[PDB]
Amino acid sequence: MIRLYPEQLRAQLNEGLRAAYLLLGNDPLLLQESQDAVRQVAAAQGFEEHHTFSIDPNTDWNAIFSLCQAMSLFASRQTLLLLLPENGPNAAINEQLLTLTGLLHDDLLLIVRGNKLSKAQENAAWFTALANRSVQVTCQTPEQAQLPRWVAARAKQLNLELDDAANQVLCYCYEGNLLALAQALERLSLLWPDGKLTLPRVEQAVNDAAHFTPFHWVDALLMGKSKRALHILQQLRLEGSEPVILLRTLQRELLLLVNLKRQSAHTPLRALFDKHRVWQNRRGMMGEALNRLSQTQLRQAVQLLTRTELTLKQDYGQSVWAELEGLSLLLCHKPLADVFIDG
Amino acid sequence: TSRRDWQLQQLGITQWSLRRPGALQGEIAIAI
Amino acid sequence: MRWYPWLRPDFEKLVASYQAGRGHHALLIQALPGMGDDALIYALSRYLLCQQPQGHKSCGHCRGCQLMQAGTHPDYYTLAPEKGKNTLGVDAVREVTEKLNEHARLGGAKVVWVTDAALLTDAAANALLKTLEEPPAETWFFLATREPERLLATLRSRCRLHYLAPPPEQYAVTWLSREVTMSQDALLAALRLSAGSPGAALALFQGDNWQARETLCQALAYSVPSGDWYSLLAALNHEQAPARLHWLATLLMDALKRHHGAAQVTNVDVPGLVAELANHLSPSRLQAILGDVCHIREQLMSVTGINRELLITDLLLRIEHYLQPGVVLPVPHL
Amino acid sequence: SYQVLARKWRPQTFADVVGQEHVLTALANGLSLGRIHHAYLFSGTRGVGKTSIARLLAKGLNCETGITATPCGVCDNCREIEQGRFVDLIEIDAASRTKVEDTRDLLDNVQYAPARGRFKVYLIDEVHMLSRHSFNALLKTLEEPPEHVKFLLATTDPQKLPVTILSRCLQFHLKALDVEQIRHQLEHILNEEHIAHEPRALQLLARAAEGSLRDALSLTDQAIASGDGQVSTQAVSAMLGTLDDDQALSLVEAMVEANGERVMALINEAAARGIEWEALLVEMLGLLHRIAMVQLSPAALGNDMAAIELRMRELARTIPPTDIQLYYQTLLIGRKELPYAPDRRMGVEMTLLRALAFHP
Amino acid sequence: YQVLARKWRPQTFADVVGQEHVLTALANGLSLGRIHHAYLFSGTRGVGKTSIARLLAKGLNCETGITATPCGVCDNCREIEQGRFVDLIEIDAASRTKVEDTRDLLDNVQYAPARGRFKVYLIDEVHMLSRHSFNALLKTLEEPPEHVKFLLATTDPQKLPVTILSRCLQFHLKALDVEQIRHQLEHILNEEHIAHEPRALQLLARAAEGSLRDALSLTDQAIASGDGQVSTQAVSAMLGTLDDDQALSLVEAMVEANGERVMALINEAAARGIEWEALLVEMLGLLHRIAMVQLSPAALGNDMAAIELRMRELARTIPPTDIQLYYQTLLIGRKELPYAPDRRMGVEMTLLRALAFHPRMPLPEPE
Amino acid sequence: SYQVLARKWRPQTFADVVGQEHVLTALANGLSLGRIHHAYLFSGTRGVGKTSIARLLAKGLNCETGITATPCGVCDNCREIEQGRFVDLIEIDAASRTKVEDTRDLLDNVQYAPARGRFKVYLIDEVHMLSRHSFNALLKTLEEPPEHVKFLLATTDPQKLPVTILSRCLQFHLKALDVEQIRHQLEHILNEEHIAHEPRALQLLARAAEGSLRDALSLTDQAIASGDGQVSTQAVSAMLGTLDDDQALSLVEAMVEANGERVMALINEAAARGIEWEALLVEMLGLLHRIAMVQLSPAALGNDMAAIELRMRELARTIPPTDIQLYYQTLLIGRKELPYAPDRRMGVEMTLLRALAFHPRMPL
Ligand SMILES: Nc1ncnc2c1ncn2[C@@H]1O[C@H](COP(=O)(O)OP(=O)(O)OP(O)(O)=S)[C@@H](O)[C@H]1O
Ligand SMILES: Nc1ncnc2c1ncn2[C@@H]1O[C@H](COP(=O)(O)OP(=O)(O)OP(O)(O)=S)[C@@H](O)[C@H]1O
Ligand SMILES: Nc1ncnc2c1ncn2[C@@H]1O[C@H](COP(=O)(O)OP(=O)(O)OP(O)(O)=S)[C@@H](O)[C@H]1O
Ligand SMILES: [Mg+2]
Ligand SMILES: [Mg+2]
Ligand SMILES: [Mg+2]
Ligand SMILES: [Zn+2]
Ligand SMILES: [Zn+2]
Ligand SMILES: [Zn+2]
Ligand SMILES: [Zn+2]
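Calculation notes
- Residues numbered from 1 in each chain as written, not as in the entry; some residues may be left out.
- Chains lettered and ligands numbered in written order.
- Part of a larger assembly, values for the part shown.
- Heavy atoms only, no water.
- Helix = DSSP H or I, 4+ residues; strand = E, 2+ residues; numbered from the N terminus.
- Rg over C-alpha atoms; globule rule 2.2 N^0.38 Å.
- Buried < 20%, exposed > 50% of the residue type's maximum accessible area, 1.4 Å probe, protein only.
- Areas by Shrake-Rupley, 256 points an atom, 1.4 Å probe, with all protein chains shown as cover.
- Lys, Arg positive; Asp, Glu negative; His and termini not counted.
- Charge placed at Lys NZ, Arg CZ, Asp CG, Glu CD.
- Near = heavy atom within 4 Å.
- Polar contact = N/O pair within 3.5 Å; in protein donor to acceptor, adjacent residues only side chain to side chain.
- Nonpolar A, V, L, I, M, F, W, Y, C, P; charged D, E, K, R; others polar.
- Donors = N, O, S within 2.8 Å, 3.2 Å for Na, K, Ca; no water.
- Tetrahedral: all angles 85-135°; square planar, octahedral: opposite > 155°, others 65-115°.
- 1 Å grid on protein atoms, 1.4 Å probe; cavity = no way out; pocket = protein on both sides within 12 Å on 5 of 7 lines; lining within 4 Å.
- Points joined across faces, edges and corners; volume = space filled by probe spheres on them.
- Pairing = 2+ DSSP bridges.
- Right-handed = clockwise from strand over helix to strand, strands pointing away.
- Contact = heavy atoms within 4.5 Å.
- Buried area = accessible area lost by both parts, 1.4 Å probe.
- Salt bridge = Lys/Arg side-chain N within 4 Å of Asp/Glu carboxyl O.
- Axes fitted to C-alpha atoms, helices over the stretch in contact; angles between N-to-C directions.
- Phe/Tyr/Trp six-rings, centres within 6.5 Å; stacked < 30°, edge-to-face > 60°.
- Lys NZ or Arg CZ within 6 Å of the ring centre and 35° of its normal.
- Expected span 1.5 Å × (residues − 1).

Colleague: Sorry if this is basic, but what is going on with the overall build of chain E here?
Modeller: In terms of regular secondary structure, chain E is built from 17 helices and five strands. At 27 Å, chain E has a C-alpha radius of gyration far larger than the 21 Å of a compact globule built from 367 residues. Counting only C-alpha atoms and orienting by the principal axes, one finds that chain E spans roughly 95 × 45 × 40 Å. A burial count over chain E gives 52% of its 367 residues as buried. About 16,100 Å² of surface is accessible on chain E, with carbon and sulfur atoms providing 51% of the total. If the 38 positive side-chain charges of chain E are averaged to one point and the 48 negative ones to another, these points end up 7 Å apart.

Structure, rendered in structure tokens:
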């Protein structure tokens, strides 16, 4: 079984076409690109017939088996596509896939899409049956460290010029959402035929800043930017961002900060960041908080966060925005009365 | 502190004392 | 479904009533987990469904006994949660009630067993009231629960309550020593931690729970002198957090009792830890920490979807803050 | 085959019921004067005869002789209603018929005239379980029922019902039976059944009833079954606690004296003998209340407790009332949080440890 | 026989109690001829939103003409009274909350009225409509046909979108006072030839809050309990309201720190089976009223005049701190009441606690 | 009649569109260069012009002159599209048609070539309400779309759509219309409508719009209806006051200055209308918290509270922090004690009195 990345899929297809192709990952954009490339290559080879089905407990495998067995008078060279469940195949799905792999023909080109398979899922009869005649392409969203490389490559293949500041702004605004970033790049190219994308142009484009980025608010809190954090929180409130998502992100960051603060009384902050595999870009802002808030802070903040989380888990109150603003000022160097923290 | 005050504190009952008695408009007659 | 030696007496009473016909149509058994109430209910069901009873035991050869052994008795019904679910729905109760209306296939008594009444939903409990109040002739109901207070009052009032008790402490200790090889102090501590119920201590010993308890004790022993209670997070952040919180609360209670002066302590296998806890902590701080631990454990066991790590971290930070002088301690209130 | 006392002793006449004098008088006056409403609702706690009163009213309305407050009990309609197979009396179990479709189907058939009786009675039970759509569908027809239909509603949680439904029916609230009433009813039932009994057993059963007569009858049946067919003080005390009367006194005395050793030893003995902790807490609360009462006036002490008078008076004279109030508050807090504690014994020990701290 | 709440539904603007501003505005609009195409009514339950909407529909669709004083005798008025008027489309938004029903209703708005000069849609409980239903009504509501009028009634106006609120004229009805309810009950009973007493009617009005539907339901229940008469004893039994004199005497005894009188009152109350929770609620209400009187002389209402002077004496004797302490103690007692072994026991223990911490005369300290 | 402003003033040209430059310019450049994609999606808040821009794009695509960003507006195709009678433009309301059977018939029409247009345009609105089978059918159609068809999508909940559907279309997000642009649009609309207006009324309407042009037009229509065919400052001020009901802020201001009579009057006014006392206490607590946050840092107050910005700023500048903290603690205690009070009104009155004239005694 060959293993590849999206960039090498085109080269592999140029070298030859294999019987089965597996697309496992959690990145819809890369999976769609790989599927489109494979289908285009198959159509060039003479595959003008395509079929797609969704795998679920209420699945009509009889139709698939009939299609595999049935021939075609003129429209030969069939292509079949399967969409696995998000959870993954079960024993019934395992045996169904084994039976389908048993009924394979040279004129049938099989494609499978789904999430990454675990060791138990990997160790399956159907999976091993295709080991000698299959290629799997891994398609997952890169981390922020590898994000700017991908952004630069995508801009380059579109015949566009991006400045370093513009690349950083694009990565910050569309972290974890490659589809939105690609759409933004396309819109920028449409706006400017010359293709020169300077920092002011993207900054004007960033004026949109639609929603879904509470990490910006959390980073503003970590940087001690009271004005920026308050503004971003207000924009999120206007956008109706799920307060639970903000609470969970700030909870992760605050737990990490509390652990670092407690264990840094005998260790340097940078060593602890290395221990926790923290990203250097984050390490900065985190450090600022760890160098801006005493141990008394990050404890009243923890109390407020825990009370708000319990209230939202039991009461589901919509006043969570005011509590979030209070916690925002608490995370800054503002003394705060400590009475608004219910203490 | 006073024993009664400590007992009330243990009971969770808070004691309120006048701060701006001029706000009240009426014959409160607090003093005797 | 082991038949424990201590189940003989109670059974000999209950079946006797069924021999005289003075048996209540709704029996609710109160017993701790591992007491074998399921075995008693199964024995009663076998006795009731036997076509040719002899003495206080089923013949084991009639058609009813054969069907029960095969497990395909038409007149036997069991209400339990689904494999993937944790609660019993109302559809099962409604269909069972509808099926109970018609006559028995074998022309005998009909037995319905509820695995756990505590898991019944409000709708199911309300629906079952009419069926349980005036059941059809030759129909018997068996229910089991740990805390009768948690059941619905209307449902509870329609049942005859029978309560089982644990065996004597010495007998339980001897049985545990026969079953597993451990020090007497460890066996006694495990038995006391299980409210004196045999089997639960066996469950603790057979699994890795004892190693987790030892690790927690070591972590607490390290933390108490230094005062860094945050390190306990790793020892408490686990899927079995309620058990570890209960163990910590028991240790705190034992330390407080030792400070006040007592002859019996739940944790007899670790005198040093409780002695250090009593020496290094004042009674008020011990009581406050114990109350906080109990409240957090109750919140974890009650709230659905609550985050374990955040609550544990908040509890540890709160305890550390309370350890500081000049901090107002919480006071229980309505 | 065999029927429990609750089913066997369901009242069949207005004179066979216990208490609820106001409801009976109002119904009798309404029937006599001819002022009959088209919507009756009954509210109250559990086991207070709401269903029984509704069935009696249904029997009275459709009796062959006429609309009277004293049904004959011998005509065909009376017997059929008593046996629960009367055609024109439709009983609905709202707990299992919450679907709006069922309500719509039921309402679609109201236009048809009654088969035998002069009225078509609908008795909806546990109506609080119906959905909002069911209530909305009912509203219109309940506001204008035909002249040949009647609606009877029985509920235990009237708060859930919307105000619109409540305003469309005459509401009758049933008062929880007193301990004396429950004791008298149990004594009468046992005398009619020719079963030996003792006053103390009846008192204990009535006290454990907690205002529910169905619970009292169930406990009486359990005691009869477990006491070789006889009701005795020893059998009831075995089925119940009551052995904590002296133990609770010693426990509260030890708590007041602030002696941890004695309190823990007593708790260990109690756990070994296997008593109920809730009963122990209730007894301690009662003893503290009695001690507080005696302090205000010596004569307040009950005569039935003429066995520990010296100790009770010593405690009253030695302990200030403020400490008594503090201990009562602590015991109430412990009782509230008892089910939420990991174990009953653990919660009781926590409460007692907290109480012990209140001593200089 | 017939329910009073229904038999006495207003049929003319003169029969409406209160709501002077809304009636005056509607009459002025009808007289001047300036008629809007969308009206919204807001207020608490049982104030007459539906009745006012029906009266407006009668006035608009009356045979005589567009007038603020409907005749009440023509065929249109009688049919509207009986609810059989074709041109008056009454919609129960609570049951029909789906967008398809709204679209079906909107698809038949351009058709002319069958017999009347206007087609009036009266939507009730409009707040229960779905978001799609609200959005679908914007265009038609803002441009109804010349022969189409929309009337909206709700109890929770703030739930409606601002866009919906911007396409109608809002009228907010107000809860009726005790005087108006008592006068209406007196008039109804006089018309019904039923004996009554002033105290019974005052109690019924006070227990009905500001809803006439509840007041009439309570009156019917009292008549049923009173056996054709409305007596103060019958109303007190129906409401389970202990005599205010007893509560005031208990409060005075508690203030005086004489527990013998308090226990005597407790025994007397237990003799008649007085509800203990109701007693605690009454004591809390009396304490709060005394505090308000201390805050302002005019806080006290007229219904308490019979005891007013007595209460005033307390206002001139009890410091505010003592009043606050007693109120807090009774509030805590109510908090702990459910968990007490008995309600009688709980109330007795609460009173003993209050006496023990009496600011002026605490119970004697043991030697 | 006079029609509705929103209906009569649908943007019929790209110039008439207010704001949204980043989208209009990109669309114009794409049309000019011929870079046209198969699937387009529009996202944003209510009343931002997604449907209007989609209709303008559809009109531009199938204009007789050619594919241009500036439709002539005079050819038969433009007139039919404006009237909505264009044969090759199929408008689908996904909310009304959600079942797979309804969508399948519409999707099967792609086989037929365009009758009187270069492209067969499908404009699906509220597409987020489609069923799973409908989404599957749409994905099947979009996998291999004919070269002569285009799909336009508009919704306010893009997250509801499957990732597969999103990945195969170009998405444009629309922003708010600010305040000055809304004011200018309203001024132009009223000038064309021959309706008298005043600058202050327009400014108030724009402020109340809160970035939505449809809301602004609805408020303008309300003012016209209440103003008797005329827009005036007094009419708009009264209209807004009817929707203000600022009893909570007035109560807070009265309490901070220790004015019992005003507090009682405001309590009576609030009790006149149906209000939740606990909600009032929560609102007062939130206002006090916001005041404290503003005192800590001026940036705490945002544009969400622009209506009462001046009052909040004055309260923050004037009142010392200690009084705010004391009042907040008193209100917290009042909220805690409210459930067991004899009545909600009585509890609120007692708590307000305590805040006005009483000070709690903290332990130690
Ligand atoms: N007022 C009463 N008079 C006589 N027996 C009563 C009375 N109330 C209850 N009982 C007894 O308790 C049994 C149950 O009474 P019910 O009629 O069910 O009261 P209930 O209020 O309807 O209970 P619910 O609401 O259905 S749980 C009766 O069959 C009687 O044996
Ligand atoms: N102002 C009033 N004058 C006379 N009778 C009134 C008045 N307000 C209410 N009523 C009576 O109370 C009844 C209430 O009728 P409704 O139609 O429910 O009025 P409503 O205000 O719409 O109630 P809601 O809001 O729907 S619960 C009327 O039929 C009258 O009998
Ligand atoms: N950008 C805009 N320029 C001018 N007028 C606009 C603009 N956006 C909205 N409007 C006005 O608001 C009315 C409705 O606009 P729509 O395009 O239907 O709103 P919308 O963005 O489609 O909201 P949805 O998608 O239906 S929830 C139009 O008829 C215009 O009067
Ligand atoms: Mg019943
Ligand atoms: Mg109404
Ligand atoms: Mg739109
Ligand atoms: Zn057998
Ligand atoms: Zn008869
Ligand atoms: Zn007329
Ligand atoms: Zn054109």
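Colleague: Just checking my understanding: could you explain the site of ligand 3 for this structure?
Modeller: Residues and elements named next belong to chain F. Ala-6, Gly-49, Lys-50, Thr-51 and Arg-214 are the nearest of the 16 residues found near ligand 3. Take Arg-214: an N or O atom from its side chain is 3.0 Å from an oxygen atom of ligand 3. Its residues assigned to classes, the shell around ligand 3 comprises eight nonpolar, five polar and three charged.

Colleague: Which parts of the structure should I look at to understand the coordination of the zinc ion (ligand 8)?
Modeller: Six octahedrally arranged donors around a metal ideally form angles of 90 or 180 degrees; four tetrahedrally arranged donors ideally form angles of 109.5 degrees. All names here are of chain D. Within the protein, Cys-63 (SG), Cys-72 (SG), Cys-75 (SG) and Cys-78 (SG) serve as the donor atoms for the zinc ion (ligand 8), at 2.3 Å. Around the zinc ion (ligand 8), the four donor atoms sit at angles spanning 105 to 113 degrees, and that spread fits a shape best called tetrahedral. Residue classification places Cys-78 among the buried residues on the basis of a relative accessible area of 1%.

Colleague: Would you mind going over empty space enclosed by the protein with me for this structure?
Modeller: All names here are of chain E. Applying the stated criterion across every chain yields a total of 16 cavities of 30 Å³ or more. The computed volume of the largest cavity comes to approximately 100 Å³. Lining the largest cavity, in full, are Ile-91, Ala-93, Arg-96, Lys-98, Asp-101, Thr-102, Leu-105, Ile-123, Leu-129 and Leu-137. At three residues, the largest contribution of residues to the lining of the largest cavity is made by helix 5 (residues 99-106).

Colleague: It is not clear to me how the site of ligand 1 should be interpreted in this structure. Could you clarify?
Modeller: Residues and elements named next belong to chain D. In the neighbourhood of ligand 1, 16 residues make up the surrounding shell, with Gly-47, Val-48, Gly-49, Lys-50 and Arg-214 lying closest. Between ligand 1 and the protein, one listed contact pairs an oxygen atom with a backbone N or O atom of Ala-6 at 3.1 Å. Here an oxygen atom of ligand 1 sits 2.2 Å away from a polar atom, N or O, in the side chain of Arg-214. Protein coverage of the free-state accessible area of ligand 1, which is 640 Å², stands at 96%.

Colleague: Quick question: what am I supposed to make of the pairing of strand 4 (residues 149-154) of chain F here?
Modeller: Along any regular strand the residues' side chains alternate between the sheet's two faces. Residues and elements named next belong to chain F. Most of strand 4 is tucked away: six of the six residues are buried. Going residue by residue along strand 4, you find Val-149, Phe-151 and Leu-153 tucked away on one face and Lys-150, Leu-152 and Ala-154 tucked away on the opposite face as well. Both strand 1 (residues 39-43) and strand 4 contribute to a ladder of four bridges, which runs parallel. Pairing of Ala-39 across the sheet is with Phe-151, part of strand 4. Pairing of strand 3 (residues 120-125) with strand 4, which is carried by six bridges, proceeds in the parallel orientation. Paired with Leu-123 across the strands is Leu-152, a residue of strand 4. Taken together, strand 3, helix 6 (residues 132-143) and strand 4 constitute a β-α-β crossover, and its handedness is right-handed.

Colleague: Would you mind showing me how to read the interface of chain F and chain A here?
Modeller: How big an interface is tends to be reported as the loss of accessible area on association of its parts. In this assembly, 39 residues from chain F lie in contact with 35 residues from chain A. Between chain F and chain A, roughly 3,400 Å² of surface is buried when both sides are summed, and carbon and sulfur atoms account for 63% of that area. Summed over the shared surface of chain F and chain A, the result is three salt bridges. Between A:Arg39 and F:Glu143 there is a salt bridge; the shortest N-O distance is 3.1 Å. Linking chain F with chain A are twelve residue pairs in polar contact. Contributions of two or more residues to the side of chain F that touches chain A are made by helix 2 (21-33), helix 6, helix 7 (163-167), strand 5 (170-173), helix 14 (277-296) and helix 16 (321-337) of chain F.

Colleague: How do you make sense of the sheet that holds strand 1 (residues 39-43) of chain D when you look at a structure like this?
Modeller: One key point about sheets: their strands pair by backbone hydrogen bonds, in either a parallel or an antiparallel sense. All names here are of chain D. Within the open sheet, the five strands sit side by side as 2-3-4-1-5. Their pairing is parallel. Edge positions in the sheet fall to strand 2 (89-93) and strand 5 (170-173), since each has one partner strand and no second. Sheet twist, expressed as the mean angle between neighbouring strand axes with direction ignored, is 15 degrees. Judged from the five bridges that link them, strand 2 and strand 3 (residues 120-125) form a sheet pairing that is parallel. Bridging across to strand 3, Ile-92 finds its partner in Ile-124. Running at roughly 150 degrees to strand 5, helix 2 (residues 21-33) makes contact with strand 1 and strand 5 of the sheet.

Colleague: Whenever I open this one, the arrangement of the chains confuses me. Can you help?
Modeller: Separating chain A from chain B is a minimum C-alpha gap of 16 Å, and the two share no contact. Separating chain A from chain D is a minimum C-alpha gap of 17 Å, and the two share no contact.

Colleague: I tried to follow the interface of chain D and chain E on my own but got confused; where do I start?
Modeller: Chain D puts 37 residues into the contact, and the matching count from chain E is 32 residues. Contact between chain D and chain E buries roughly 3,300 Å² in total, counting both sides, with carbon and sulfur atoms accounting for 60%. Interface area lost by chain D to chain E is led by D:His289, D:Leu296 and D:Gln325, which between them contribute 19%. Between chain D and chain E we count two salt bridges in total. Note that E:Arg6 is salt-bridged to D:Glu144, the shortest N-O span being 3.9 Å. Taken together, the connections running from chain D to chain E amount to seven residue pairs in polar contact. Mapped onto the side of chain D that touches chain E, the elements with two or more residues apiece are helix 2, helix 6 (132-143), strand 5, helix 14 (277-296), helix 15 (309-318) and helix 16 (321-337) of chain D.

Colleague: How do you make sense of the environment of F:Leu266 when you look at a structure like this?
Modeller: Within the element layout of this structure, F:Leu266 appears in helix 13 (residues 260-272). Discounting residues that sit within four places of it in the chain, F:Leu266 has contacts with F:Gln247, F:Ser250, F:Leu251 and F:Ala254.

Colleague: For this particular structure, what's the right way to read the packing of aromatic side chains?
Modeller: A ring pair, where both rings are aromatic, is described by two values, the distance of the centres and the angle of the planes. For the structure shown, the criterion picks out 19 aromatic pairs over all chains. An angle of 85 degrees between the planes, with centres 6.4 Å apart, marks the rings of B:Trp6 and D:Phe358 as edge-to-face. One end of the pair, B:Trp6, is in helix 1 (residues 3-11); the other, D:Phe358, is in the segment after helix 17 (344-356), on a second chain. Under the relative-accessibility criterion, B:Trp6 is labelled partly exposed at 27%. Taking relative accessible area as the criterion, D:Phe358 reaches 10% and is therefore assigned buried. Pairing C:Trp6 with C:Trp175 gives two aromatic rings, centres 6.3 Å apart and planes at 80 degrees, and the pair type is edge-to-face. One end of the pair, C:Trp6, is in the segment before helix 1 (8-20); the other, C:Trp175, is in helix 7 (residues 169-179), and 169 residues separate them in sequence. There is no split in this pair, since C:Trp6 and C:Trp175 are both buried. Through pairs of rings, three or more aromatic residues link up here, namely C:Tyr4, C:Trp6, C:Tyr171 and C:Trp175. Cation over ring: C:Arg213 sits above C:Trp210, and NZ or CZ is 4.7 Å from the ring centre. Sitting over the face of the ring of D:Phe119, D:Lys150 holds its NZ or CZ atom 5.2 Å from the ring centroid.

Colleague: Would you explain helix 12 (residues 244-256) of chain E in this entry?
Modeller: For an α-helix the count is 3.6 residues per turn, leaving residues at separations of three or four pointing the same way. All names here are of chain E. Along its 13 residues, helix 12 runs 18 Å from first to last C-alpha, staying within 8% of the 18 Å computed at 1.5 Å per residue. When you tally the buried positions in helix 12, you get ten out of 13 residues, the bulk of the element. All of the buried residues along helix 12 are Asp-244, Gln-246, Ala-247, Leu-248, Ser-249, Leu-250, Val-251, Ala-253, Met-254 and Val-255. In the core, the buried residues of helix 12 are packed alongside helix 9 (198-207), helix 13 (259-271), helix 14 (276-295), helix 15 (305-315), helix 16 (320-336) and helix 17 (343-356).

Colleague: Can you walk me through the sheet that holds strand 4 (residues 78-83) of chain A in this structure?
Modeller: Residue and element names in this part refer to chain A. A sheet is described by the order of its strands in space; here six strands give the open sequence 1-6-2-5-4-3, paired in parallel fashion. Each edge of the open sheet carries a strand with a single partner, namely strand 1 (2-4) and strand 3 (49-54). Here the strands of the sheet are splayed against their neighbours by 15 degrees on average, with no regard to which way each runs. As judged from the six bridges shared by strand 3 and strand 4, these two strands associate in the parallel manner. If you follow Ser-54 over to strand 4, its bridge partner there is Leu-83.

Colleague: I would appreciate a short explanation of unusual backbone geometry in the present structure.
Modeller: For residues besides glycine, phi is generally negative; the peptide bonds are generally trans as well. The residue D:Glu126 is not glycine, and still its phi comes out positive at about 55 degrees. Relative to the elements of secondary structure, D:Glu126 occurs in the loop between strand 3 and helix 6. The phi dihedral of E:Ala257 falls on the positive side, at around 60 degrees, and the residue is not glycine. With respect to the helices, strands and loops of the structure, E:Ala257 is situated in the loop between helix 12 and helix 13.

Colleague: Please explain the environment of E:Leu88 as it appears in this structure.
Modeller: Residues and elements named next belong to chain E. Among the structural elements, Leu-88 can be located in strand 2 (residues 88-92). Along the primary structure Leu-88 and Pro-113 are separated by 25 residues, whereas in three dimensions their C-alpha atoms are 9.3 Å apart. Apart from the residues lying within four places of it in its own chain, the contact partners of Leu-88 are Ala-57, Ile-80, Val-120 and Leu-122.

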